[PDB]
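> for now just these chains, pulled out of the complex without moving them:
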Amino acid sequence: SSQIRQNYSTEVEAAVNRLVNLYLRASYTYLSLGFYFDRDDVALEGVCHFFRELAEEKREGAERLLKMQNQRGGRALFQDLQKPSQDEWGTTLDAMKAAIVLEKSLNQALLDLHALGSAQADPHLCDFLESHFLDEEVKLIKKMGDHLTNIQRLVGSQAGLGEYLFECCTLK
Amino acid sequence: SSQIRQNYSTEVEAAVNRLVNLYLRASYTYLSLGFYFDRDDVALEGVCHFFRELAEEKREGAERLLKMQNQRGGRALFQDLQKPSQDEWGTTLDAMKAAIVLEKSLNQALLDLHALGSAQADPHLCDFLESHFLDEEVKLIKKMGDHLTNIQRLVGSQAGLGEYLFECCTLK
Amino acid sequence: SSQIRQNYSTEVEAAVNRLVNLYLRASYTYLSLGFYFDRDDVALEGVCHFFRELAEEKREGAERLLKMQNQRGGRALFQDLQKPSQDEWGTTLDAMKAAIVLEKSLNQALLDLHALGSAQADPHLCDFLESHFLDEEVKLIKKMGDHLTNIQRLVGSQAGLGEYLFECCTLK
């Protein structure tokens, strides 16, 4: 019943709905990661807050995709949201590894949707991914890689803790 | 691995996890209702915004339950989130009916959790439901009932539209 | 006599001049639509103002294309501007239909210019259309589709008028 649809393939429409699922699944993973770190026997509030903010960001990405689906005259379709892959998330290092794997999977999904958009000659879709997704994901993955290295440094050794503290207490 | 748990039954712990599922399912229903009203062939932005706000409120209720689960030393466990019951939501009247049915089901779930809390002599749980849930649900259901009556009045007849307009344009 | 031209095909240069014509023709259509709604026997000032603003937006798009033509070292060439397709525009519904047809034709022209830019390996042109045209057109076409649905709802029936008024007077 759309009167607006133009140059918007059914292939991209379906891929957008799948990507909304993937972003909401990611948001739900981050909600689980955050509340795990809020447990009294884990009790790292900053890590809870880090993942709570990422749950928000992933929800917001899904909402942006849904708004765009309607802007193009496609039909938002929702599927079941699978529960996160784990119920307990181990150490901060374990959790940050799981997060980077998750973000890499979203980034690959964005790249696959660009490939589809390019094959379907859909420049509005490409511009949309560029405006709101591709560089956001690269920045977040770089931050997570930085965090993995610093966690690895801090937990690994005296030299590494000392080097971290110098950066923080003398330079910053 | 909790060192804090006191007077918190495994029955309530499990019921709280189920209620988190129900609230997140409700939030996901409201996300679908809102984006339906944002379709170009439906195009009632105020109804989209009404349900978008309720998606937020239901998410927030789930997050409050999860925070409380950790405060009591229970273990948050997440399950799959089923997709909403419909993909298209009909008219504003259809949608507001579906919303009141949904809110009634959450209210009954809250009342069942009070019954369990009372049976388990858990006054902190009871106080928690009173502080953040029971009156919030009654207020929202009353608002929805008011909206059902006004939608029914507006769509039904000339007399009803005229009466609505008098309230709005002469009295308010 | 340009000393700046680089990677700018004669094909794109010509297509840009044609697109300036199409945008100025659109602006002139909107000027006619707006003054039609200002007639004393039509007298819908809000519809006049809506189309007056679109006349401005289409002029501004043409001016942006002309600035870009000079930035690239092409030569702006102007042709005659044909008068709008009608002298009287019927009802608000008739007019909004004509507007969406017009905007669709501009959007297809933008997509055709992207195809040409891609074939000519001209990424500055592609970036220019993305920055200032493609999403602007999709947003405007979605707004127009929303308006068509609401006009259709309002003129069509009691149920539809009532539903519109609920959104506006109770929710907004």
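Cool, the structure landed. Numbering: from 1, shown residues only, chains lettered A, B, ... in the order given.
> helices of chain A, start to end?
In chain A, the helices defined using DSSP state H lie at A:10-37, A:45-72, A:92-119, A:123-129, A:135-156, A:158-165.
> now those in JSON lines, with mean neighbour count and distance to chain B?
The way it works is simple: take the backbone N, C-alpha and C, and place the C-beta from them, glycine included. Putting these into JSON lines (neighbours: other CB atoms under 10 Å in any protein chain shown; distance: least, CB to the nearest CB, whole Å) gives the following:
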{"stretch": "helix A:10-37", "mean neighbour count": "21", "distance to chain B": "5"}
{"stretch": "helix A:45-72", "mean neighbour count": "19", "distance to chain B": "5"}
{"stretch": "helix A:92-119", "mean neighbour count": "17", "distance to chain B": "15"}
{"stretch": "helix A:123-129", "mean neighbour count": "22", "distance to chain B": "15"}
{"stretch": "helix A:135-156", "mean neighbour count": "14", "distance to chain B": "20"}
{"stretch": "helix A:158-165", "mean neighbour count": "12", "distance to chain B": "26"}
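> tabulate these (JSON lines), appending distance to residue B:25.
Formatted as JSON lines, the helices of chain A follow (distance: least, CB to CB, whole Å):
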{"stretch": "helix A:10-37", "distance to residue B:25": "12"}
{"stretch": "helix A:45-72", "distance to residue B:25": "15"}
{"stretch": "helix A:92-119", "distance to residue B:25": "22"}
{"stretch": "helix A:123-129", "distance to residue B:25": "29"}
{"stretch": "helix A:135-156", "distance to residue B:25": "28"}
{"stretch": "helix A:158-165", "distance to residue B:25": "43"}
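> in TSV, list the ones you listed along with distance to chain C.
Shown next, in TSV, are the helices of chain A (distance: least, CB to the nearest CB, whole Å):
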stretch	distance to chain C
helix A:10-37	13
helix A:45-72	5
helix A:92-119	9
helix A:123-129	4
helix A:135-156	14
helix A:158-165	41
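> who are the contact partners of residue A:8?
A:72, A:73, A:74, A:122, A:125 (CB atoms under 8 Å, 6 or more residues apart in numbering or on different chains).
> the second one contacts residue C:145, doesn't it?
Yep, that's residue A:73 we're talking about. Yes - the pair formed by residue A:73 and residue C:145 meets the contact definition of CB atoms under 8 Å, at 7.2 Å.
> sequence for chain D below, add it please:
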Amino acid sequence: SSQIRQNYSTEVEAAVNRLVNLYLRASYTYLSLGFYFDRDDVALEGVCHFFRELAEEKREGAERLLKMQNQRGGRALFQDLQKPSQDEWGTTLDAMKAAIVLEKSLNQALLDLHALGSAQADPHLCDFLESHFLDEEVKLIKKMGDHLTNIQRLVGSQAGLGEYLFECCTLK
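Adding chain D to what we have so far:
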């Protein structure tokens, strides 16, 4: 000589006086814990300040119970206050363990007073415990559990210190 007493059992009146004793005993324990940490050979001022604030909070709880005793027309009766269980409090971990044991004992006393209030059909008493005691105790016990885990993490190992520092210096 009360002219106001209504629905206030002698059982609850006595239990309230006992609970005032328990809260003042707790306040006195916290005063001893705080000044222990202020010793020059212990010298952890933040731990002194943490327990000094809890001494204040426990005094304030006792004063609230006494105000309520008079509001209901019962008679405040004071007994001797026993000295705290230890004269020296060991390490921060030892002290935080002793504190959580203390708070658990107050929480159980509050739950026992709810049981008595419910048996005596005294809803004002129940509302009073809900308003000012039950959730305050759960929040404080959760904070103490968080602190036990972080102390245990910090004192236990290199990995644990590193993880703590990451939360604090990189995330917070």
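> so who does the residue nearest the centre of chain A touch?
Taking CA atoms, centre = their mean, the centroid of chain A lies closest to residue A:103, which sits 4.5 Å from it. By CB under 8 Å, 6+ apart, the contact set of residue A:103 is A:26, A:137, A:140, A:141, A:144.
> how near is the closest residue to the last one other than its chain neighbours to chain D?
Which is residue A:144. Take residue A:144 and drop its neighbours on the chain: the residue closest to it by CB to CB, 6 or more residues apart in numbering or on different chains is residue A:100, 4.5 Å away. With distances taken as CB to the nearest CB, to the nearest Å, residue A:100 is found 15 Å from chain D.
> quick one: residue A:100 from residue A:140, how far?
Distance, residue A:100 to residue A:140, using CB to CB, to the nearest Å: 9 Å.
> again with residue A:158
Taken as CB to CB, the span from residue A:158 to residue A:140 is 31 Å.
> same check, this time on residue A:69
23 Å.
> same question for residue A:36.
20 Å.
> one more: residue A:93?
18 Å.
> try residue A:9
Counting by CB to CB, the gap from residue A:9 to residue A:140 is 29 Å.
> do the same with residue A:58
Counting by CB to CB - residue A:58 and residue A:140 are separated by 10 Å.
> again with residue A:121
29 Å.
> contacting residues around the nearest residue in space to residue A:62 that is not next to it in sequence?
Nearest non-adjacent residue to residue A:62, counting by CB to CB, 6+ apart: residue A:23, 3.8 Å away. Residues near residue A:23 by CB under 8 Å, 6+ apart: A:58, A:59, A:61, A:62, A:65, A:106.
> now, the most widely separated pair of those residues?
A:59 and A:106 (12.9 Å; CB to CB).
> for residue A:65, give me its contacts.
A:16, A:19, A:20, A:23.
> quick one: which of the residues you listed is nearest chain D?
residue A:23 (23.0 Å; CB to the nearest CB).
> torsion angles phi and psi at residue A:39?
phi -60, psi 140 (degrees, to the nearest 10).
> what's the spacing between it and residue D:146?
9 Å.
> what does residue A:73 give?
Distance of residue A:73 to residue D:146, given as CB to CB: 50 Å.
> what do you get for residue A:97?
24 Å.
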